[PDB]
C-alpha cells in the first residue's frame, strides 16, 4: 500500500504549493527544525519497535525449527535402540506427524480433524479432538507408546529417558508457540506508530515547501518512502503464523517433517 500513500504525498505537496503563497496572508508558518526533531524521534522509535517485532518472528522460527530437530532425533533413536519394532515405528511417527499438523492448525485457528483422520485411527481422532489442547494430547499418546515399550522391557529406564526428553523438547515448543500466539506483547502500539508515521508523512510537504518550493514533492516523497519502507517491515514481521505469504511457511514445514519421518 506504499505506492498509494506515496502518490498521496504527491497530492499533499501539490496542495502545499498551490496553498503556500497564502501563509502570512492568513497566518501560519512552518520550519524544518521541528519536523526533523520529530523525524529523528520517529526514526529512533521505529527502530526499537521493529527490533521487537523482528524478535517475535525470529523466536517463532526457532520454535518451529525445534519441532523438526526433536521429531527427527526421536525417530532416529527408535530406529537405533529398537531397530526391529517397526509396528511401533509407524505408531510413533504418525503421532509425531499428527502433532506437527495439529500445531499448525492450532496456530491458524483451523480444523485439524481432516488431517488427523489421514494419519491416525478415528478412535484416536475423537480422543484427540476432545481435549482442551489436542497437541498436548498427541504428545501424551507419543509418551504412551514410548512407555509401553518400557513396561514391555524393550527399553531400559535409561533409554526411556533419552526418548522421553524429546517429548520434553516438543512440550517446551508447544508452550512457546502458545506464548507468542496467545500473548501478543503490546502490539497495539504498532497501530499507534503507524498512524504517527502517516501523519508525519502528510505534513512534511507543508513544512518543507518553504525551503524547497517546486522541489517540495521530489524530496517529500523520498523521505516518506524511507520512513514508509521502515514501518512496513513491522507489518510484515509481527504475525509469524498468519495467512500472509511472508509469515512462516507452516504447511511447507509440516510436509518437510512428514517426508523426513517416513522411513
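Positions refer to the first chain, counted from 1.
Q: Averaged over C-alpha atoms, is the B-factor higher for 226 to 234 or for 207 to 215 in this PDB entry?
A: Here the higher of the two C-alpha B-factor means belongs to 207 to 215.
Q: May I ask you to compare 239 to 247 and 11 to 19 by their mean CA B factor in the entry and name the higher one?
A: The deposited B-factors put 11 to 19 ahead on the C-alpha mean.
Q: Just the C-alpha B-factor column, please: which of 177, 185, 93, 138 has the biggest number?
A: So the option with the highest C-alpha B-factor is 185.
Q: Check where residue 198 lands among this chain's C-alpha B-factors and tell me if it's the lowest, middle or highest third.
A: Top third by C-alpha B-factor.
Q: By the recorded C-alpha temperature factor, relative to the other modelled residues in its chain, which third is residue 53 in?
A: For residue 53, whose C-alpha B-factor we compare with every modelled residue in the chain, the answer is the lowest third.
Q: Give the position of residue 190 by CA B-factor within its chain, expressed as the lowest, middle or highest third.
A: Ranked within chain, residue 190 CA B lands in the highest tercile.
Q: How does the C-alpha B factor of residue 36 compare with the rest of the chain: lowest, middle or highest third?
A: Middle third of the chain for residue 36's C-alpha B-factor.
Q: Compared with the other modelled residues in the chain, in which third is the CA B-factor of residue 102?
A: Ranked within chain, residue 102 CA B lands in the lowest tercile.
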